[PDB]
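The chain below stands alone and is given in structure tokens; this is the form deposited in one PDB entry.
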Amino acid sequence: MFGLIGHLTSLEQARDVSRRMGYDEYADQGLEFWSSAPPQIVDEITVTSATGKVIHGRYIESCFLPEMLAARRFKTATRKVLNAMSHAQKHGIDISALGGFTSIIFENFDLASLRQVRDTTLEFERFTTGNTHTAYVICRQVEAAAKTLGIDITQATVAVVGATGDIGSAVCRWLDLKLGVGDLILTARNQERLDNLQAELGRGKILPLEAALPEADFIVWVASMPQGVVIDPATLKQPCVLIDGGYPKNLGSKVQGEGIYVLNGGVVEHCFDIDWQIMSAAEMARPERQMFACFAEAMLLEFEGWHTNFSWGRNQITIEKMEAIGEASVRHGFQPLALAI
């Protein structure tokens, strides 16, 4: 049994998705109610691999909302994640993806040292962040978008916004060693983490966001932003490819214009219909086929029988792990989401 632990992107989305399912009690209430709400299994999932193997899974709603962080409800947010993980273990789920901000909260607030949740002791090998698969998928999306637009990736500039993060640092390593990208712009908040990533990569310029934007042919957005920034088209090159891998989306608005291509980063599409409701709630273009890559990782781990915390922690993702999850990804029938033309 695999598990998917996620959360909604806003209170308005949470109230809308609740009302659209039968959950009217959650649709009528505000932040304080969500702050005390328990985790809930709200979807049963069956997936068939291209190899024919059938797996089963469950979606767990954590009831975390990004506004909790802006309202500084840091302890609330911590409980949402720990209660959701405890819920997965109590129900005997073998491997669960910590989607979206639940993995970020887990790391930023050192939740490893809080692993006793009521009568439960969390077993970290039953969880993955899914970040290895997300980093792999985003790299394939860069590669394919470049071929699709007639851009030579070895002659082009890629800016990685969030380059010090777990996903961002993996993408940088693969863009360097497997794609031979022309040049790499590293962008992030922590100077020391940037300095260290530049050393370990042996290349890349460090630039603030406002100076990275106008220089980039591709911008990979993998920043841990609760909110989403507003980018004016006029500041960007033409053509520019925005790969927005954030959840919530790093692009707080629709960036549309001449020579601007926006791609939902870290999304895969399956060769078979999947019977479930949660990707409709997530506004995938094809909600019966498409899903976030971190959730696909949990499916891959269950397909392969790799019941372990395959993606864990921060900055531990290696090229060989990305290659391994990527081969499993193709084999079981997943393909990276491509530019929509």
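One rule holds for the numbers: they count along the sequence shown, beginning at 1. For clarity, a rigid core is taken as the largest C-alpha set superposing within 1.5 Å between two forms.
This next part talks about the form deposited in another entry, which is not shown.
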Q. Following superposition of the rigid core, which of 199, 177, 271, 230 is the only residue with a C-alpha displacement of 2 Å or more between the shown form and the other one?
A. 230
Q. Has the Cα of residue 34 moved 2 Å or more between the shown form and the other one, judged after a core fit?
A. yes
**Q.** Core superposition between the shown form and the other one, C-alpha change of residue 328 at least 2 Å
**A.** no
Q: Kindly check if the Cα atom of residue 317 is displaced 2 angstroms or more between the shown form and the other one relative to the superposed rigid core.
A: no
Q: Would you mind telling me if residue 298 and residue 26 are closer or farther apart in that other deposited form than in the shown form, C-alpha to C-alpha, with a 3 Å or larger change?
A: farther
Q) residue 287 to residue 21, Cα distance in that other deposited form relative to here: closer or farther, by 3 Å or more? A) farther
